[PDB]
Amino acid sequence: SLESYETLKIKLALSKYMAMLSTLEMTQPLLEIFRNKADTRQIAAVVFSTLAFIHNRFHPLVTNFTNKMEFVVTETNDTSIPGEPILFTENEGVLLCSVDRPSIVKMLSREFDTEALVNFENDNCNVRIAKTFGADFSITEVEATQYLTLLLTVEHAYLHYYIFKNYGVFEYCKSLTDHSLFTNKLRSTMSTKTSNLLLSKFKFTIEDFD
Amino acid sequence: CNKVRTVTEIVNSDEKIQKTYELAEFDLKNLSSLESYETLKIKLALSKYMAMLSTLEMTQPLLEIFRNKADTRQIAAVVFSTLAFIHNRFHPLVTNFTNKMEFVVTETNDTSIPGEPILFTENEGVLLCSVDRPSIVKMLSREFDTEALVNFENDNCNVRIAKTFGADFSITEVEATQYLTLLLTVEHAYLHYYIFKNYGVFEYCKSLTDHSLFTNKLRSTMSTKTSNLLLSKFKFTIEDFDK
Amino acid sequence: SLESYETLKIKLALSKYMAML
Amino acid sequence: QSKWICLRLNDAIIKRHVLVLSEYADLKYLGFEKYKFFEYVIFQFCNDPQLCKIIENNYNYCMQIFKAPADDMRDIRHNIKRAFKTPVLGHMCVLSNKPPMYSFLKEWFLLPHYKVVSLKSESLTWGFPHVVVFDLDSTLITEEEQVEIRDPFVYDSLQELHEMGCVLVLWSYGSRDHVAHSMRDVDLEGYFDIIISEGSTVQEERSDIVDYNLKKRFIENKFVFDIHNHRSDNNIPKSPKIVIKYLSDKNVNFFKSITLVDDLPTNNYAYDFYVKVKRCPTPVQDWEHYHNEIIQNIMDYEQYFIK
Amino acid sequence: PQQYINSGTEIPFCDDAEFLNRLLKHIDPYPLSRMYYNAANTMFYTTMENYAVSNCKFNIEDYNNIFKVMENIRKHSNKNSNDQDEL
């Protein structure tokens, strides 16, 4: 593709993501940690860093994400709502958020899918047989896909967070009753990098049955 | 047919992928959890009521009380408490009523009545109630009881095979189970009691000549909350009435 | 309602009567 | 020419919207809780100092006191944005308990308060929007009857403005007919947000479908205008009434500032900024300075005050 | 709430630029869209599950109407964006 370099730039963004992860003292494949009970403090700190990175990319001009934020992993479906694994809130002057670790883990469970027939880059003798005649650092496809998926997850959350920050709980309710305030909008200020934000890159709709 | 279909396409129409699924088994999980927690709620309510009864100085097992007939005290107390609990479940408002009421134990078959072990005289100057201890004991003849049984089912591959794949005073259960008997009985009585307390003795002739029609008066009358009638089949052979 | 505050005024007269007794 | 006072609600349970009162007693018309709907509420200054003193004793809400001899919508807006340090303000609520006759603000949207519930927010911009409104018949077009784009630089500047979220609102006074040709002729609509026509005229209001051209989805250019002033003059101002009406139709409910660009100054009734277009029988490519002007106008609030 | 080790106000950049640049390269052949498809489907599928696991209604409509909705390219021109002239 003549956009191939920009697809590579997107891959580079994901690479920066995962590099920042590896730099922040990642101990074990994060799925293990999320399966674990202790170190939810560490998980929430990592999510804090994630929010910082998101705000950065959205708005590099401003270095400081936020001074502090308050965290709560949640342990039951009753402590959560379908569609929203993450829930910002404000209490009595205190900004806080909460997260459904079990649901996020269950999401991570389903990533089983892997390569099936699609279009593919040129394979030719002139390419490969040339090499055959002559001329840990390991990350598997689905492995990287896990972190990709996790990254993509937080986009929706970040959007809600910003909106609430700018418009209070009433418009938080508005966005939640109707996320169609998202609907097909790149219109923004320049600093918002809106085209840069990954909403654009690819699209889906249900092939409505009946 | 609900074979929901899904398509995704990259920017610039570079690629398009399709998949399809069905709400089947999703609906099953929904129904499962639904009945699960509702049954849990009913169990919790039963436990609550029984516990409440536990305060009442059970010097004796429940059945002993009625096997005695010398008392009326304990009996009327228990009955009144039952009616209180029922009204409370109909009305999330702990309350008290006309603060005079009283009771009689009918003690002869020749003073008994068909069908209903309980009856109210709504205002003989004031409310009064009468109850059949003999028949109560006859219900207490629980040599009836035995657990080892088998539920009816149907269409399991669609319907039930899915459900196949999921999982001092320390008194036993059978007696507790028996509690449900008087629970449901007093419910049926409360229905008529409420009805005539709100309405005419003409529709206390009716409701007693048959219960039947009172569904109409219950229309717009019920509290929008269900009671104690989960398992939807409750019937026998009928056409065999063989008149 | 443009009468609602007057209904509240009726509530007020009511409570004024009530509290004395 | 009056002194003025304003409530500032402590808990911004609803933001940005503001109200104007005929009586301090109007609280009784409002009843309970609904004061929580209105972030700010202006009232003319107390004649009796005891009223202001009781107000000063009340702690239930913050308040401000000021002079606004300038009996003007936009000037009042500016002053209030100064007072409360806020770039944007909501609509002005009204009731059948008829407002004070501050009719110098006559030409404006008035919210019959209960619509507050009807106040959806909107997707249309992720920033608070600036808006610019335009005309066709003699505004920015070349004066030749077959108008030309004065500059393709402008043509693309249209889309570029989306970087800032400036909303682009043509109201031709000319009939829909020439616009009907223009649309096919040049996809300015493909670069441009909102279009209206028929604004040329006002009608003697008294108490006594266009889609077929090319299967379009475009507005009925309805008779929404009124006499409004009923006076011996000949003015057809660009109407905030209709404009904001169409905005809320687009669910557009808030804006930073709105500029009118046209060849007729008279229609400007104290618009935030007016761009008197230089009528031109040639493609002048003069847009560079128009750009610069508008940009600086926007920047005016970079200092937190338009000046 | 207790689950917050707040005040970690780092602003990291961890400029392992060239090492990351090379480490990227062994990921290059992976089919981007086909791989993305996995995550997209999983997200949808779990979100679907949860509403049934709370007996909710759902506006499948709204879902489509909102999420991954597609704007439209219209411009005839070009714009300047970030890049790194590495090395």
# chains A, B, ... in the order shown; residues from 1 in each chain; ligands from 1

call {"tool": "interface_residues", "arguments": {"of": "chain A", "to": "chain E", "cutoff": "6 Å", "atoms": "only C-alpha atoms", "output": "VMD selection string"}}
result
chain A and resid 41 67 to 72 82 to 83 110 113 149 180 183 to 184 203 to 205

call {"tool": "select_by_dssp", "arguments": {"residues": "chain C", "states": "alpha helix (DSSP H)", "output": "MDAnalysis selection string"}}
result
chainID C and resid 4:20

call {"tool": "closest_atom_pairs", "arguments": {"of": "chain D", "to": "chain A", "cutoff": "6 Å", "atoms": "only C-alpha atoms", "output": "CSV"}}
result
residue,atom,partner,partner_atom,distance
D:122,CA,A:181,CA,5.6
D:123,CA,A:181,CA,4.1
D:125,CA,A:187,CA,5.0
D:126,CA,A:188,CA,4.7
D:127,CA,A:188,CA,4.9
D:162,CA,A:187,CA,5.9
D:163,CA,A:190,CA,5.5
D:164,CA,A:189,CA,4.9
D:165,CA,A:188,CA,5.6

call {"tool": "interface_residues", "arguments": {"of": "chain B", "to": "chain E", "cutoff": "8 Å", "atoms": "only C-alpha atoms", "output": "number ranges by chain"}}
result
B: 8, 10, 15, 17, 26-27, 29-31, 33-34

call {"tool": "closest_residue", "arguments": {"among": "A:109, A:196, A:119, A:74", "to": "residue A:37", "atoms": "only C-alpha atoms"}}
result
A:74

call {"tool": "residues_around", "arguments": {"residues": "stretch 3-15 of chain C", "least_positions_apart": "4", "cutoff": "8 Å", "atoms": "only C-alpha atoms", "output": "count of residues only"}}
result
4

call {"tool": "atom_distance", "arguments": {"atom1": "atom CA of residue B:86", "atom2": "atom CA of residue B:55"}}
result
17.7 Å

call {"tool": "atom_distance", "arguments": {"atom1": "atom CA of residue B:25", "atom2": "atom CA of residue A:145"}}
result
27.7 Å

call {"tool": "closest_residue", "arguments": {"among": "D:114, D:40, D:24, D:35", "to": "chain C", "atoms": "only C-alpha atoms"}}
result
D:114

call {"tool": "atom_distance", "arguments": {"atom1": "atom CA of residue A:118", "atom2": "atom CA of residue A:156"}}
result
28.7 Å

call {"tool": "closest_residue", "arguments": {"among": "D:65, D:202, D:282, D:96", "to": "chain C", "atoms": "only C-alpha atoms"}}
result
D:96

call {"tool": "select_by_dssp", "arguments": {"residues": "stretch 23-165 of chain A", "states": "strand (DSSP E)", "output": "PyMOL selection string"}}
result
chain A and resi 70-74+86-91+94-100

call {"tool": "residues_around", "arguments": {"residues": "residue A:103", "least_positions_apart": "4", "cutoff": "9 Å", "atoms": "only C-alpha atoms", "output": "mmCIF file with N, CA, C and O atoms, in the first residue's frame"}}
result
data_model
loop_
_atom_site.group_PDB
_atom_site.id
_atom_site.type_symbol
_atom_site.label_atom_id
_atom_site.label_comp_id
_atom_site.auth_asym_id
_atom_site.auth_seq_id
_atom_site.Cartn_x
_atom_site.Cartn_y
_atom_site.Cartn_z
ATOM 1 N N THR A 76 -16.876 -8.187 41.299
ATOM 2 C CA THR A 76 -18.139 -8.858 41.033
ATOM 3 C C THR A 76 -18.830 -8.203 39.849
ATOM 4 O O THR A 76 -18.603 -7.032 39.536
ATOM 5 N N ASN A 77 -19.694 -8.983 39.194
ATOM 6 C CA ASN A 77 -20.556 -8.419 38.163
ATOM 7 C C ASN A 77 -21.469 -7.352 38.742
ATOM 8 O O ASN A 77 -21.764 -6.354 38.075
ATOM 9 N N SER A 80 -20.319 -3.872 38.489
ATOM 10 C CA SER A 80 -19.995 -3.469 37.129
ATOM 11 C C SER A 80 -21.273 -3.384 36.308
ATOM 12 O O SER A 80 -22.346 -3.815 36.739
ATOM 13 N N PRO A 85 -16.269 -1.774 31.255
ATOM 14 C CA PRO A 85 -15.376 -2.412 32.232
ATOM 15 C C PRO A 85 -14.701 -1.420 33.152
ATOM 16 O O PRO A 85 -14.106 -1.833 34.155
ATOM 17 N N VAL A 99 -12.610 -0.504 38.015
ATOM 18 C CA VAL A 99 -12.332 -1.380 36.881
ATOM 19 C C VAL A 99 -12.761 -2.802 37.217
ATOM 20 O O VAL A 99 -12.651 -3.252 38.361
ATOM 21 N N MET A 107 -12.318 -11.158 28.810
ATOM 22 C CA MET A 107 -12.019 -10.650 27.476
ATOM 23 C C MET A 107 -10.700 -11.206 26.968
ATOM 24 O O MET A 107 -10.607 -11.683 25.832
ATOM 25 N N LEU A 108 -9.667 -11.160 27.804
ATOM 26 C CA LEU A 108 -8.366 -11.647 27.374
ATOM 27 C C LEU A 108 -8.412 -13.131 27.053
ATOM 28 O O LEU A 108 -7.575 -13.622 26.290
ATOM 29 N N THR E 46 -17.695 -10.255 24.211
ATOM 30 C CA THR E 46 -17.830 -10.117 25.659
ATOM 31 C C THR E 46 -18.865 -9.063 26.018
ATOM 32 O O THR E 46 -19.690 -9.262 26.926
ATOM 33 N N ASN E 50 -22.288 -9.648 28.419
ATOM 34 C CA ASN E 50 -22.566 -9.102 29.743
ATOM 35 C C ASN E 50 -24.007 -8.621 29.871
ATOM 36 O O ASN E 50 -24.625 -8.768 30.935
#

call {"tool": "residues_around", "arguments": {"residues": "stretch 134-142 of chain B", "least_positions_apart": "3", "cutoff": "7 Å", "atoms": "only C-alpha atoms", "output": "JSON, numbers by chain"}}
result
{"B": [63, 66, 67, 107, 117, 145]}

call {"tool": "closest_atom_pairs", "arguments": {"of": "chain E", "to": "chain D", "cutoff": "8 Å", "atoms": "only C-alpha atoms", "output": "tab-separated table"}}
result
residue	atom	partner	partner_atom	distance
E:74	CA	D:190	CA	7.0
E:75	CA	D:159	CA	6.9
E:76	CA	D:156	CA	7.7
E:77	CA	D:156	CA	7.2

call {"tool": "interface_residues", "arguments": {"of": "chain B", "to": "chain A", "cutoff": "10 Å", "atoms": "only C-alpha atoms", "output": "PDB file with N, CA, C and O atoms, in the first residue's frame"}}
result
ATOM      1  N   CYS B   1     -34.470 -15.893  12.045  1.00  0.00           N
ATOM      2  CA  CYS B   1     -33.673 -17.082  12.320  1.00  0.00           C
ATOM      3  C   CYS B   1     -32.525 -16.740  13.267  1.00  0.00           C
ATOM      4  O   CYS B   1     -31.903 -17.626  13.850  1.00  0.00           O
ATOM      5  N   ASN B   2     -32.249 -15.443  13.411  1.00  0.00           N
ATOM      6  CA  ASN B   2     -31.348 -14.932  14.439  1.00  0.00           C
ATOM      7  C   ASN B   2     -29.907 -15.388  14.231  1.00  0.00           C
ATOM      8  O   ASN B   2     -29.140 -15.493  15.191  1.00  0.00           O
ATOM      9  N   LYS B   3     -29.523 -15.668  12.987  1.00  0.00           N
ATOM     10  CA  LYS B   3     -28.139 -16.013  12.670  1.00  0.00           C
ATOM     11  C   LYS B   3     -27.322 -14.734  12.471  1.00  0.00           C
ATOM     12  O   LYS B   3     -26.816 -14.438  11.390  1.00  0.00           O
ATOM     13  N   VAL B   4     -27.213 -13.972  13.563  1.00  0.00           N
ATOM     14  CA  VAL B   4     -26.687 -12.615  13.494  1.00  0.00           C
ATOM     15  C   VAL B   4     -25.392 -12.595  12.703  1.00  0.00           C
ATOM     16  O   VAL B   4     -24.526 -13.458  12.875  1.00  0.00           O
ATOM     17  N   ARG B   5     -25.257 -11.604  11.831  1.00  0.00           N
ATOM     18  CA  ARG B   5     -24.117 -11.498  10.937  1.00  0.00           C
ATOM     19  C   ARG B   5     -23.351 -10.215  11.223  1.00  0.00           C
ATOM     20  O   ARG B   5     -23.925  -9.209  11.649  1.00  0.00           O
ATOM     21  N   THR B   6     -22.045 -10.263  10.971  1.00  0.00           N
ATOM     22  CA  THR B   6     -21.111  -9.222  11.366  1.00  0.00           C
ATOM     23  C   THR B   6     -20.076  -9.059  10.269  1.00  0.00           C
ATOM     24  O   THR B   6     -19.562 -10.053   9.753  1.00  0.00           O
ATOM     25  N   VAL B   7     -19.748  -7.813   9.938  1.00  0.00           N
ATOM     26  CA  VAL B   7     -18.716  -7.524   8.951  1.00  0.00           C
ATOM     27  C   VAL B   7     -17.871  -6.355   9.431  1.00  0.00           C
ATOM     28  O   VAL B   7     -18.392  -5.373   9.967  1.00  0.00           O
ATOM     29  N   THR B   8     -16.572  -6.439   9.169  1.00  0.00           N
ATOM     30  CA  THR B   8     -15.609  -5.416   9.543  1.00  0.00           C
ATOM     31  C   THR B   8     -14.785  -5.080   8.316  1.00  0.00           C
ATOM     32  O   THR B   8     -14.439  -5.972   7.540  1.00  0.00           O
ATOM     33  N   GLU B   9     -14.465  -3.801   8.140  1.00  0.00           N
ATOM     34  CA  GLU B   9     -13.713  -3.375   6.971  1.00  0.00           C
ATOM     35  C   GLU B   9     -12.698  -2.317   7.372  1.00  0.00           C
ATOM     36  O   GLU B   9     -13.014  -1.388   8.121  1.00  0.00           O
ATOM     37  N   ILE B  10     -11.475  -2.474   6.864  1.00  0.00           N
ATOM     38  CA  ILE B  10     -10.425  -1.493   7.118  1.00  0.00           C
ATOM     39  C   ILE B  10     -10.681  -0.226   6.311  1.00  0.00           C
ATOM     40  O   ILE B  10     -11.346  -0.242   5.267  1.00  0.00           O
ATOM     41  N   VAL B  11     -10.152   0.892   6.814  1.00  0.00           N
ATOM     42  CA  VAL B  11     -10.112   2.122   6.037  1.00  0.00           C
ATOM     43  C   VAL B  11      -9.546   1.841   4.655  1.00  0.00           C
ATOM     44  O   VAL B  11      -8.642   1.015   4.484  1.00  0.00           O
ATOM     45  N   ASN B  12     -10.093   2.534   3.657  1.00  0.00           N
ATOM     46  CA  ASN B  12      -9.753   2.357   2.250  1.00  0.00           C
ATOM     47  C   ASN B  12     -10.197   1.005   1.710  1.00  0.00           C
ATOM     48  O   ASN B  12      -9.653   0.531   0.707  1.00  0.00           O
ATOM     49  N   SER B  13     -11.182   0.374   2.351  1.00  0.00           N
ATOM     50  CA  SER B  13     -11.765  -0.875   1.858  1.00  0.00           C
ATOM     51  C   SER B  13     -10.690  -1.919   1.581  1.00  0.00           C
ATOM     52  O   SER B  13     -10.874  -2.820   0.759  1.00  0.00           O
ATOM     53  N   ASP B  14      -9.552  -1.803   2.268  1.00  0.00           N
ATOM     54  CA  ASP B  14      -8.431  -2.683   1.970  1.00  0.00           C
ATOM     55  C   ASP B  14      -8.779  -4.139   2.237  1.00  0.00           C
ATOM     56  O   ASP B  14      -8.345  -5.025   1.492  1.00  0.00           O
ATOM     57  N   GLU B  15      -9.584  -4.406   3.264  1.00  0.00           N
ATOM     58  CA  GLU B  15     -10.014  -5.764   3.560  1.00  0.00           C
ATOM     59  C   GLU B  15     -11.334  -5.739   4.310  1.00  0.00           C
ATOM     60  O   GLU B  15     -11.660  -4.770   5.004  1.00  0.00           O
ATOM     61  N   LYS B  16     -12.069  -6.842   4.177  1.00  0.00           N
ATOM     62  CA  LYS B  16     -13.358  -7.041   4.820  1.00  0.00           C
ATOM     63  C   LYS B  16     -13.434  -8.469   5.337  1.00  0.00           C
ATOM     64  O   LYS B  16     -13.137  -9.413   4.599  1.00  0.00           O
ATOM     65  N   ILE B  17     -13.838  -8.623   6.593  1.00  0.00           N
ATOM     66  CA  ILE B  17     -13.981  -9.932   7.216  1.00  0.00           C
ATOM     67  C   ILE B  17     -15.410 -10.069   7.723  1.00  0.00           C
ATOM     68  O   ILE B  17     -16.050  -9.081   8.097  1.00  0.00           O
ATOM     69  N   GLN B  18     -15.912 -11.305   7.730  1.00  0.00           N
ATOM     70  CA  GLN B  18     -17.270 -11.599   8.166  1.00  0.00           C
ATOM     71  C   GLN B  18     -17.269 -12.684   9.235  1.00  0.00           C
ATOM     72  O   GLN B  18     -16.382 -13.540   9.279  1.00  0.00           O
ATOM     73  N   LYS B  19     -18.280 -12.629  10.100  1.00  0.00           N
ATOM     74  CA  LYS B  19     -18.569 -13.704  11.039  1.00  0.00           C
ATOM     75  C   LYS B  19     -20.063 -13.722  11.319  1.00  0.00           C
ATOM     76  O   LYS B  19     -20.801 -12.822  10.920  1.00  0.00           O
ATOM     77  N   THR B  20     -20.515 -14.784  11.980  1.00  0.00           N
ATOM     78  CA  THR B  20     -21.920 -14.894  12.333  1.00  0.00           C
ATOM     79  C   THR B  20     -22.072 -15.770  13.566  1.00  0.00           C
ATOM     80  O   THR B  20     -21.291 -16.697  13.790  1.00  0.00           O
TER      81      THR B  20
END

call {"tool": "residues_around", "arguments": {"residues": "residue D:100", "least_positions_apart": "5", "cutoff": "9 Å", "atoms": "only C-alpha atoms", "output": "PyMOL selection string"}}
result
chain D and resi 20-23

call {"tool": "residues_around", "arguments": {"residues": "residue B:99", "least_positions_apart": "3", "cutoff": "12 Å", "atoms": "only C-alpha atoms", "output": "PyMOL selection string"}}
result
chain B and resi 95-96+102+126-127
